[PDB]
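S.K.: Handing you a structure now.
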Amino acid sequence: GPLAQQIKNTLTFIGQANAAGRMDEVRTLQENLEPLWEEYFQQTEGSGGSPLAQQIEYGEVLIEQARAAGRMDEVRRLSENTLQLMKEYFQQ
């Protein structure tokens with residue numbers, strides 16, 4: 001419950017930062033969202049998790065691999081897609 005609420009709040013803050021033209025904050029919010037989702041995924045979904053949860057989880061892995069390679073344009077594209085899936089998962 002509390003962890004889901006923190007993820008939902010983070011999605012709201014990303015929306016607000018985006019609407020304010022504050023993409024420097026969207027970068028930070030996306031980075032802090034990843035470990036919250038990771039914890040949520042490993043505790044409530046995991047290997048037996050729903051296909052949507054697995055798609056979001058692997059999407060975050062692809063984002064992190066793109067970030068490690070410096071492909072921040074790919075981070076942004078993948079982040080936009082994975083955020084839409086998270087909004088479906090959390091009904092946000």
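Labels used: A, B, ... for chains in the order of the structure tokens, numbers from 1 for residues in each chain, and numbers from 1 for ligands as shown.
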With a distance cut-off of 10 Å and only C-alpha atoms, select the neighbouring residues of residue 90 in chain A, excluding the residue or stretch itself and same-chain residues fewer than 6 positions from it, and output the selection as a ChimeraX atom specification.

M.R.: /A:4-5,7-8,11

S.K.: Pull C-alpha atoms from the residues just selected and write them as a PDB file, in the first residue's frame.

M.R.:
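What landed in result_18.pdb:
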```
ATOM      1  CA  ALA A   4       2.307   1.753  -4.330  1.00  0.00           C
ATOM      2  CA  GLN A   5       1.215   5.191  -3.013  1.00  0.00           C
ATOM      3  CA  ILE A   7       5.081   5.214  -6.868  1.00  0.00           C
ATOM      4  CA  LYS A   8       1.703   6.828  -7.754  1.00  0.00           C
ATOM      5  CA  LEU A  11       4.073   9.492 -11.422  1.00  0.00           C
TER       6      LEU A  11
END
```

S.K.: Pick from A:12, A:50, A:79, A:84: nearest to residue 66 in chain A, with only C-alpha atoms counted?

M.R.: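 Among the listed residues, the smallest separation from residue 66 in chain A belongs to A:79.
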
S.K.: Smallest atom-to-atom distance to residue 41 in chain A: which of A:3, A:23, A:15, A:72, using only C-alpha atoms?

M.R.: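 Closest candidate: A:3.
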
S.K.: Restricting the calculation to only C-alpha atoms, which member of A:69, A:86, A:75, A:29 is positioned closest to residue 57 in chain A?

M.R.: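 Selected residue with least distance to residue 57 in chain A: A:86.
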
S.K.: Would you mind listing what lies within 12 Å of residue 28 in chain A as a PyMOL selection string, with only C-alpha atoms counted and same-chain residues fewer than 5 positions away left out?

M.R.: chain A and resi 10+13-14+17+22-23+33-34

S.K.: Near residue 53 in chain A, counting only C-alpha atoms, which residues have an atom at most 12 Å away, once you skip same-chain residues fewer than 2 positions from it, shown as a list in words?

M.R.: residues 37, 38, 40, 41, 42, 43, 44, 45, 46, 47, 48, 49, 50, 51, 55, 56, 57, 58, 59, 60, 82, 85, 86, 87, 88, 89 and 90 of chain A
